[PDB]
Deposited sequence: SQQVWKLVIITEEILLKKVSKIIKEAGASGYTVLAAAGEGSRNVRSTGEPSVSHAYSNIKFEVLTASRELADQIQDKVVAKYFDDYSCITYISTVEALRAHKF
C-alpha cells in the first residue's frame, strides 16, 4: 500500500479553517506540530491520503484560498506501511 503525505506549513491563526478543510475532504489521519519560520507562531500539518488525487485536492483548496495572503509552504511525498487507528 502506497500512501501520500501532504505537508502544509501555515500561520497559527489558520489552525481551525485548515483543519476543517482537511476533514470535509475526508482525510484518514492528520497531525499538527508547532513550528517557527525565519517563536512557534506557525503550525505544520501532516495529512496522509490513500490517493495522490485527494492530496492534490486538499493542497489546491488551501493554496487557492490562503496562499496569497498568508505565509504558506506545502509539498507532498509518498510513504509506505501505513497502519492507522
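- Of the deposited sequence, the ranges 1, 40-54, 102-103 have no C-alpha coordinates according to the record.
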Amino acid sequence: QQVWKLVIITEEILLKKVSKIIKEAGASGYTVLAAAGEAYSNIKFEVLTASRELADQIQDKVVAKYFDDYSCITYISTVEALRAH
From here on, numbers count along this sequence of modelled residues.
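C-alpha atoms forming the largest set that superposes within 1.5 Å between two forms make up the rigid core.
- Taken in 5 other deposited structures of this protein and fitted on the core, 70-78 and 21-29 differ in how far their Cα atoms move from the shown form, and the one that moves more is 21-29.
- In this entry, 19-27 shows the higher mean Cα temperature factor of the pair 5-13 and 19-27.
- In this PDB entry, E38 carries a Cα temperature factor that places it within the highest third of its chain's modelled residues.
- Ranked by C-alpha B-factor against the other modelled residues of its chain, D60 falls in the middle third.
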